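Colleague: Got a structure here, written out as structure tokens. Questions coming.
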Amino acid sequence: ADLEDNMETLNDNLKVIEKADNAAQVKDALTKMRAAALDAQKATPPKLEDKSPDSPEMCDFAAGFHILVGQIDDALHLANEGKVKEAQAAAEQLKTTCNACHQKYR
Amino acid sequence: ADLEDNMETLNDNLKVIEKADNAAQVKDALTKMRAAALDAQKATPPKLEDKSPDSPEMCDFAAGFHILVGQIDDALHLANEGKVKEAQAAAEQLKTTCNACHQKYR
Amino acid sequence: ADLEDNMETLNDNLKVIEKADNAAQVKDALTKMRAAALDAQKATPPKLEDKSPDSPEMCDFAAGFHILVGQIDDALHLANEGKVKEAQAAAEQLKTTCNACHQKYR
Ligand code: HEM
Ligand code: HEM
Ligand code: HEM
Ligand SMILES: CC(=O)Nc1cc2cccnc2c2ncccc12
Ligand SMILES: CC(=O)Nc1cc2cccnc2c2ncccc12
Ligand SMILES: CC(=O)Nc1cc2cccnc2c2ncccc12
Ligand code: NI
Ligand code: NI
Ligand code: NI
Ligand code: NI
Ligand code: NI
Ligand code: NI
């Protein structure tokens, strides 16, 4: 999907995590987010359209999704053990990564 | 499989490697060990049950199977080249990675 | 496929790229090259037959294909955006990595 569609998936699903009751719900939402971050990593953002793929910008752009995925995995690990509240508090910490890339490239 | 079962798999097949006649026997046994190592890496050990996935402890545990798997691959390469005695020796060097992790987490 | 077959493939498609009209041909060629590099990374070159899979030499051999594959990925990206001329320029810089390996290990 488009960079746009993937970001939607990230955004809506972060909302789903915040108001989840059980860990299955957090797990499912974290799994959809993981898929969409891997896919958003393949897109060229409008701001970078002039840059070759080995430039520091493009590489730092793909690095942003490497971190986010790493963080989603942490939250996934917690959801899998039924630890709902620490998995939610793990997902909160994704935002810093979201905002930071947006400061740079959005 | 869980941790205990996986460690049994590691142990028994290391013993097969010691007794092995040909490269095929070694190769087969290393493959099983590879898979058991990758499976055990997914588990939380009892000593670390209370630990965050982000822990220095959980990461150093996960890393121990990363070292182990890389060593298996070294031994796997030699088994593939028909080199039994050098595959056998490569597997004897696994032992130290066994011992270091058990010292911390067993 | 042995080393020779994979290198033949590497050589052939590099030419295809050089005389190509459009991005599709370049992309098709680069996709065949990538498969060949990954497959050649599995081979023990005749010069390093005695060498341990642990060797600085063997490790350095594997690393060469890692660089080649990354450079092919750079070139794939460009052909995908439909930037023929600049994908071709990216493919021209591959020869650096071909030659450096040949001087050592061929
Ligand atoms: C879970 C964390 C994230 C959330 C909730 C999120 C959410 C969003 C939302 C709602 C948009 C606007 C969608 C639109 O109006 O089309 C957006 C756009 C964007 N995001 Fe994120 N995002 C996250 C992570 C990231 C990261 C880590 C990066 C950097 C690699 C990134 C890069 C971008 C870019 C470049 C745009 C602009 C899209 C465009 O205008 O074409 N996002 N994001
Ligand atoms: C090939 C090398 C290895 C061998 C031969 C080996 C063998 C064993 C054996 C025989 C046990 C007996 C306990 C049981 O029956 O469950 C065991 C347990 C255990 N092993 Fe290993 N192991 C190896 C590598 C590792 C590594 C690298 C780690 C850590 C990264 C590790 C972590 C553990 C832990 C945490 C236990 C105790 C689990 C529990 O309390 O249920 N092992 N292993
Ligand atoms: C696109 C880049 C490359 C091209 C076009 C290329 C091309 C070739 C060609 C045409 C041969 C001779 C085949 C024959 O025997 O007739 C060859 C041999 C060889 N190349 Fe490459 N090569 C490339 C990259 C590499 C890399 C990255 C490495 C190692 C990291 C490497 C290592 C070798 C070795 C070891 C041989 C000797 C094969 C043998 O004697 O059996 N090459 N190469
Ligand atoms: C250093 C890095 O990750 N660069 C790249 C960054 C990229 C960012 C978005 C889309 N593609 C790429 C890309 N594609 C092929 C090769 C490299 C890249
Ligand atoms: C740094 C690291 O490897 N941490 C982890 C360590 C882990 C150790 C056992 C089981 N799972 C994990 C884990 N799971 C998801 C995300 C991270 C980890
Ligand atoms: C660092 C590295 O990639 N060394 C190796 C380099 C290799 C080069 C050709 C074929 N196999 C290997 C290999 N196989 C198993 C384990 C390690 C290697
Ligand atoms: Ni897509
Ligand atoms: Ni985990
Ligand atoms: Ni299991
Ligand atoms: Ni190998
Ligand atoms: Ni082959
Ligand atoms: Ni790309």
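Naming scheme: A, B, ... for chains in displayed order of the structure tokens; residues 1 onward per chain; ligands 1 onward as shown.
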Pick out the residues sitting within 10 Å of residue 14 of chain A, and hand them over as a PDB file with C-alpha atoms, in the first residue's frame; count only C-alpha atoms, and ignore anything fewer than 3 positions along from it in its own chain.

Modeller:
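Contents of the output file around_39.pdb:
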ATOM      1  CA  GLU A   8      -3.166   5.246   8.692  1.00  0.00           C
ATOM      2  CA  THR A   9      -2.659   1.645   9.837  1.00  0.00           C
ATOM      3  CA  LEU A  10      -0.017   2.813  12.319  1.00  0.00           C
ATOM      4  CA  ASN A  11      -2.224   5.646  13.622  1.00  0.00           C
ATOM      5  CA  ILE A  17      -3.825  -0.502  21.714  1.00  0.00           C
ATOM      6  CA  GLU A  18      -4.544   2.434  24.074  1.00  0.00           C
ATOM      7  CA  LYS A  19      -8.145   1.304  24.753  1.00  0.00           C
ATOM      8  CA  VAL A  26      -3.000  -5.529  21.660  1.00  0.00           C
ATOM      9  CA  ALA A  29      -2.998  -4.404  16.611  1.00  0.00           C
ATOM     10  CA  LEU A  30       0.792  -4.710  17.147  1.00  0.00           C
ATOM     11  CA  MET A  33       1.472  -2.223  12.777  1.00  0.00           C
ATOM     12  CA  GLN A  88       0.417  -0.591  26.320  1.00  0.00           C
ATOM     13  CA  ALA A  91       3.444   1.180  22.634  1.00  0.00           C
ATOM     14  CA  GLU A  92       3.269   4.712  24.130  1.00  0.00           C
ATOM     15  CA  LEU A  94       6.685   4.394  19.877  1.00  0.00           C
ATOM     16  CA  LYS A  95       5.460   7.972  19.536  1.00  0.00           C
TER      17      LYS A  95
END

Colleague: Contacts from chain B to chain A, 9 Å maximum, only C-alpha atoms: show me the residue list as a PyMOL selection string.

Modeller: chain B and resi 52-54

Colleague: Which is closer to ligand 1 than all the others in A:55, A:80, A:22, A:13, using only C-alpha atoms and all ligand atoms?

Modeller: A:13

Colleague: Quick check, in Å to one decimal: how far apart do atom CA of residue 35 of chain C and atom CA of residue 6 of chain C lie?

Modeller: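 Interatomic distance here is 8.5 Å.
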
Colleague: Could you pull out the residues sitting within 12 Å of ligand 6, using only C-alpha atoms and all ligand atoms, and write them as a VMD selection string?

Modeller: (chain B and resid 67 to 81 87 90) or (chain C and resid 2 to 3 37 to 66 105)

Colleague: Please give the complete set of residues from segment 12-106 of chain B that DSSP, run on the backbone, assigns to helix (DSSP H, G or I), formatted as an MDAnalysis selection string.

Modeller: chainID B and resid 12:19 23:40 46:48 56:80 84:92 94:105

Colleague: Using Å and a single decimal, report how far atom CA of residue 101 of chain A sits from atom 26 (C, counted along the ligand's line) of ligand 1.

Modeller: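 We find that atom 26 (C, counted along the ligand's line) of ligand 1 and atom CA of residue 101 of chain A lie 4.9 Å from each other.
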